[PDB]
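Enquirer: need the 3D shape of this:
(chains A, B, C, D and E, ligands or ions: 1)
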Amino acid sequence: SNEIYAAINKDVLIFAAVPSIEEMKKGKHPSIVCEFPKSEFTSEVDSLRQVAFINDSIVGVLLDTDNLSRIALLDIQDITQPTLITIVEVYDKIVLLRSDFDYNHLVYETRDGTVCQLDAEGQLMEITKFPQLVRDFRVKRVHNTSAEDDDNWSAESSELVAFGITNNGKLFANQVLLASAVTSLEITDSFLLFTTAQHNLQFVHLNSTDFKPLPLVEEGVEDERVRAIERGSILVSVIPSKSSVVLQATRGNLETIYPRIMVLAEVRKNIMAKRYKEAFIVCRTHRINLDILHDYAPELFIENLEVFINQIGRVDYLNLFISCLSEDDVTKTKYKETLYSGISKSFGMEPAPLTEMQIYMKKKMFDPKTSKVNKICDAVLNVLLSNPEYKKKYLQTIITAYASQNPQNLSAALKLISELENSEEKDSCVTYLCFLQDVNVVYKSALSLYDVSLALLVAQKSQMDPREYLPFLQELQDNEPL
Amino acid sequence: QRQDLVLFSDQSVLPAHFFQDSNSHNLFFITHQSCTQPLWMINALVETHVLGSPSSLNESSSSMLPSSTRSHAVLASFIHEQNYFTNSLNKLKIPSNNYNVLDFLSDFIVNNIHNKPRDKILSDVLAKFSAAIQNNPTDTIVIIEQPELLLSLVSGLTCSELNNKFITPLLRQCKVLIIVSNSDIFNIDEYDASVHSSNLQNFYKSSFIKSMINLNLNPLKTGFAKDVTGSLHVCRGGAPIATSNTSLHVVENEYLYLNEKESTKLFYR
Amino acid sequence: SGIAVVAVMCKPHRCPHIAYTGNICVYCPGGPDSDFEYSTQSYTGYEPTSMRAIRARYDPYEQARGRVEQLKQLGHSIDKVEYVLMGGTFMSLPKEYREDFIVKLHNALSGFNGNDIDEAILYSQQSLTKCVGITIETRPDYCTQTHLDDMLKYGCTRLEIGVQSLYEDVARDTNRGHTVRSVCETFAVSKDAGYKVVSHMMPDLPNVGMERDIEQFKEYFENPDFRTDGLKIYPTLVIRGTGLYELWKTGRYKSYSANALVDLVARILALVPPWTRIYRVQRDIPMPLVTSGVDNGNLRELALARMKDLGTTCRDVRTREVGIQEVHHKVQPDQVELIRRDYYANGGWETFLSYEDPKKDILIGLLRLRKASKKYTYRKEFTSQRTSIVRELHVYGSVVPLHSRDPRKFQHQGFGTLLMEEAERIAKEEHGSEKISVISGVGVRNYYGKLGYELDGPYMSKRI
Amino acid sequence: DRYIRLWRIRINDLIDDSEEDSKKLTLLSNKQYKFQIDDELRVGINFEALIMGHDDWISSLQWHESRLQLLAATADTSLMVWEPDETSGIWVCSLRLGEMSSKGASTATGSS
Amino acid sequence: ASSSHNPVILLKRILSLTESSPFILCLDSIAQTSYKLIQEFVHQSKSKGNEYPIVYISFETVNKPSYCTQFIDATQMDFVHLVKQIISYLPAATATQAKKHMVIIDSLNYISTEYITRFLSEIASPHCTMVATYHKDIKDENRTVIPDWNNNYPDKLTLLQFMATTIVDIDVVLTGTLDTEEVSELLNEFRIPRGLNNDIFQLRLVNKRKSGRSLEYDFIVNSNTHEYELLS
Ligand code: SF4
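Expert: Numbering: from 1, shown residues only, chains lettered A, B, ... in the order given. This is the structure:
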């Protein structure tokens, strides 16, 4: 819970504690409370080297003789001398020691290359042996589920997996070889990160068991398997709550970056809960394509557009997003689910843009009933045009919907403009419509809707000759309507 | 910083089963720019064949004396002499008794090759190795060093006769052959050897066609630095691998190497 | 667009640090005492700006007006100009001269014809042809708090204080009047005021080896004291009139060859932190009068070939800039991300935010933020509570095209707002500040007055 | 901006009309500024003409007594006299004084 | 006309010896060696079932080819012998109704030009199919010929291009960061960079017909699955 800390001096152990995280964020300096001598529970045995914690209530210590390396355990208490619990007798020497992935038990390594796990009440069970002596290792609970991208909901049982890296820098699974030379590794929920000797940040999604060696390093990934990072930069910490990774540079300054995969996971999670405001902010502030809002689930949007409109009260936000629309599947070119589906495949092969002459077949293919843009426009139009109050709040949205088609209904836009009680408001609408489209065609439509004021008001911005619009209206303004 | 030296898919430089397969042959071709010398690689090859590991780069060299080992090694050269080979390679501690060393420089020039028919010279220079390898037939490695110089020695010899009289019989008789040479002929500034000096270059091109692996030691570009000496290239030769296993192939990578006090270091850019 | 740099000149004078050492610093060429004698120090008087200054008898009004009109007539139209001053130590001169100089330089563009500099700057705020700051050259001995207040009132935005070395014998043997360590406190006091600070270096100097040259730069970039926002590298060239030529005449001096210098530059460029802008390794020199050294017109043109042969190419701002609009938009860019770095420099924590492409390492926009400390701040604005300062806003993100679905007809006009709100987020959450301030030139005091910042003294600030 | 413009002003009973209640084409730049000053006086102001053709910023405009002429001084020391054009309706400069080339006390090129 | 309406079909008919070809020539270099095309012959000409004696006459090769059924070493024979100890294995110009075999020559660069045409005269029969590769990076020996002003005759390349009825050129497809200019340069000073000698290669086909002009096309050939793609 990040409120208890233990430090070992010689012959005494010191425990410090804080009331809460918020108090530390307020300005309460950490308070030292517990001071426990050595002769109380050990009687001056040789060594005092390491220490570890279990779920805020168990503290483990290593006491080493010439060859025997006992592990002392204490169930914590208050300031008054936390009592001793059974210390075990071990017949080997310990090298490394950590906690487990959820702060429940302890894991440790012997001087031969064997990792074993022990429980908080003297329950012992051996785990694994390593193919080569290592300098670092990490124990992780791999879910034993069967789905390749974990699309199950029964939450099947899990198994303990302990990785490792040698002094030469070769990343190892339990018994699986990985990239030849690396220098770092960090594991969190379903996530593994490691930096090779070429210093590329490479990701691993923990799906299930049966690991295999990773492929030869290649150039570029469409998914988030491979990212380029500065030289000498080892990893420091991972914060998936904000989709961030923090690392240490070689000269001694911090750095923090946000790889695309964890941001995409966050936005997908926000989508699943029918929350269309936080996802918008996340997708915008990190320069993520806005089509992914519902391009990954069209039917949900077709049924939830009525609340999509209500959740986002900013007119400009809606205008931006609807103008931010394309037709392709952003789920297949930018944000493929191959971020975590499949293992041991070929890499991204950084794509190239299409040659221009071979795109026009799609242009000639276009009909209103095929494109996503037209169906989205019709949906939002019929949703908004069912209440005059909503029109008088998103006229800009309606104009954008009209102008977001190949068969643009600019005539309807000018019809909607005509009914305003104001002149400068009509001017603002005219300017907005001129932003998206050429003034020439707008003037053509203004002529085609049989009115005189609108034509000249559009022609003001036409930047054409005075003689283009003087005599035409000077004749039109006078005669009979027929 | 330091990186391992791997030259095959089996994560081994010199596979042992190569010596265990009968009815097979293989050829390695090594080229060094004559501003540097590949001796520190010949040593590694010999150690990894005999001791089974690179005993100077990746492994310590405190027990480097492979004399009287179950394996064998045969080296022959023209550029230097028997005296240099013994004194130096024993100061480099390259074995002696489970080993064969051949000179063709000291006292060989003086009317032992000169003013004699060419056919006898070629026959005898072939018979030297044809008799020196009869003892141990299937646990030896043989390396020749810069044999093209002999072309300039024999009165009027082209690439074809020398090749078919010396090189191919040697590889047919022996299991595996390693040929090392230098490439200054391709590095004359503002002069074209393709004008009339193509006879020697024919040998290089023929060897690269016949070779299986190609090792290149080349100097740095425009300038000269302190922390790095040269560049190391590995490439697939012309001929295919004559092994019996199917998954075998060659790894493809480039190294930067520094040499200092017989100690070599390899790493990446 | 229309960014303009119009250099001006001040009347000749003598820097007083000569007084306690006897002469000018050894490498300084020319000067009033030299044969030229109508020229400010460190300039031979043969530069085109020197010619334009002499014919005007060293008057700021005429120089500024003439250069502006010439630039306008050439074919470019100007609406954003930044002034730079040159020559000696401008701050040494008496009180009235600097006031009149600044008032003239602002009234040249504003069109105003008054006095009482407060009114001049007040009118210059509401003027066309906006000014985007000044660049004043000054020495460590003249950066005291009173002078800093003067510069803040004038409208200056960034200084450039040279150090020329970090060893201690060089300071006395080059007749430069300041110990090296005092420059650190100068940087510390200057930075807390929001002044971007740039330095100078010269690789080869008398009684300096190639080694010492290497680790002096290494210590400059590594030590948390010599971390500054810019650099200039001046290879040592020997002009006949300098005190350097006497050493060569007496045989007490020798230079480097070409290979040594190109190797040194290649090594140096492979260490630059990614928040410092290497200004000019290929500086501008009086060519024919040099007697010792090597050609410097294309040093980097060969250093690049060197890094392509050793690896780890440069990472400065300049090489990674894409520009305001269509400089390298011939190809559609790649993945765009936000990168945030933090470092400790001169008794304080500072943050550098940027919008970059990580696959190919280009740069689009950047921002700098500093958390004010307690042992260096003295301004009555910054001595009332905790506060943070935006030392520089830089938006080349005025680019129309982009990668990852650029705005169609909005074309990144709200791009800067992203960074501004990003800065405000960590100002409110991490710094725990109660006031945020931004420094800027007087001509651009409105691009920041729309986001809510209100004016106090020379600063644009808003609370939390 | 180096341009000189004019504005005509009329009292009531002579103010230009047909702007209101008449089918005419109103341009963007020909707007008429009318104001009811008091219960008995209304003034109409309109734009007349654009005069240009100078090398720097205008500094002094002065009227006359017996002519429709103006005196224009620039920052280039040039002097111009602008007079009405009875033939083309757009005023053309009458006299141009100060062709001497002099900038400051020391003259190199141009004038100032 | 109504035959070989697709270039791929023509290539496969040539490869599998469906249509007889008295002479075929293949060009290669150091940038891409030419022993994969023999694999193409072996694989394609076995679908029709040609187990007929695949003689492999060799001048330089040290190893014995598994894919072939014969092995002849010609480092000790002269011209007349070399013709004579091949007519036995091959269906020599007797038995006017008989089968056809396969001939693989490892190298053409070791033979003097003076006999070239005769090596195609004493053996040319409707029973034999000569296949041989030509390395273009080896310049032959010309001191013996003494090319003075009165001792002249055409060079080997033109004779090889003339007496051939089908010509195929081999090239290595560029895949990574190497282009033709710098590749040819580095080969000139012999640095041999990575990005050479792969199985996926490219071919240029020139097929000659009687009483008419030949046809020239290009192909992309893979040596893994034995599949082809014509030039776009
Ligand atoms: S301080 Fe500047 S002006 Fe003074 S002598 Fe040194 S370089 Fe010249």
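Enquirer: please, where are all the helices along the stretch 101-250 of chain B?
Expert: When secondary structure is read from DSSP state H, counting those that start in this stretch, the stretch 101-250 of chain B shows helices at B:109-112, B:118-132, B:149-153, B:159-162, B:168-173, B:198-210.
Enquirer: tell me if stretch A:406-417 is near chain C.
Expert: No: counting by Cβ under 8 Å from any Cβ of the partner chain, no contacts exist between stretch A:406-417 and chain C, the nearest distance being 14.7 Å. Placement of C-beta: from N, CA and C, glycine included.
Enquirer: what are the buried residues along that stretch?
Expert: Within stretch A:406-417, the residues scored as buried using 16 or more other Cβ atoms under 10 Å in any protein chain shown are A:410, A:412, A:413, A:414, A:416, A:417.
Enquirer: likewise stretch C:337-357?
Expert: Of all the residues in stretch C:337-357, those buried under the rule 16+ other Cβ under 10 Å are C:337-343, C:345-357.
Enquirer: among those, which are in reach of chain A?
Expert: The overlap between those and the neighbours of chain A (Cβ under 8 Å from any Cβ) comes to C:337, C:338, C:339, C:340, C:341, C:342, C:343, C:355.
Enquirer: between these, which sits nearest chain B?
Expert: Chain B lies nearest to residue C:339 out of these, by Cβ to the nearest Cβ, at 24.0 Å.
Enquirer: just list the residues touching the residue nearest the centre of chain A, thanks.
Expert: Centroid-nearest residue in chain A, with Cα atoms, centre = their mean: residue A:263, separated by 1.7 Å. Going by Cβ atoms under 8 Å, 6 or more residues apart in numbering or on different chains, residue A:263 touches A:243, A:282, A:286, A:288.
Enquirer: pull out the buried positions in the helix or strand containing residue C:103.
Expert: Secondary structure here is read from DSSP states H and E; on that basis residue C:103 sits in helix C:95-110. Buried residues in helix C:95-110, counting neighbours by 16+ other Cβ under 10 Å, are found at C:98, C:99, C:101, C:102, C:103, C:104, C:105, C:106, C:107, C:108, C:109, C:110.
Enquirer: reformat those residues into TSV and put distance to chain B next to each item.
Expert: TSV is the format used below for these (distance: Cβ to the nearest Cβ, whole Å):
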residue	distance to chain B
C:98	50
C:99	55
C:101	49
C:102	50
C:103	55
C:104	52
C:105	48
C:106	52
C:107	55
C:108	51
C:109	50
C:110	55
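Enquirer: counting contacts, what elements does the one helix or strand residue D:43 maps to pack onto?
Expert: If you go by DSSP H and E, residue D:43 is part of strand D:42-51. Contacts of strand D:42-51 with other secondary structure elements, assessed using 3 or more Cβ pairs under 8 Å, 6 or more residues apart in numbering or on different chains; DSSP states H and E, are made with strand D:4-11, strand D:33-36.
Enquirer: if I read this right, residue A:432 contacts residue A:397, doesn't it?
Expert: No: using Cβ atoms under 8 Å, residue A:432 and residue A:397 do not qualify as a contacting pair, with a distance of 10.9 Å.
Enquirer: these two: which is more packed in?
Expert: When neighbours are counted by other Cβ atoms under 10 Å in any protein chain shown, residue A:397 comes out ahead of the other of residue A:432 and residue A:397, with 22 against 16.
Enquirer: distance-wise, check the residue nearest to the more buried one when sequence neighbours are not counted relative to residue C:13.
Expert: Nearest non-adjacent residue to residue A:397, counting by Cβ to Cβ, 6 or more residues apart in numbering or on different chains: residue A:318, 5.2 Å away. Distance of residue A:318 to residue C:13, computed by Cβ to Cβ, to the nearest Å: 63 Å.
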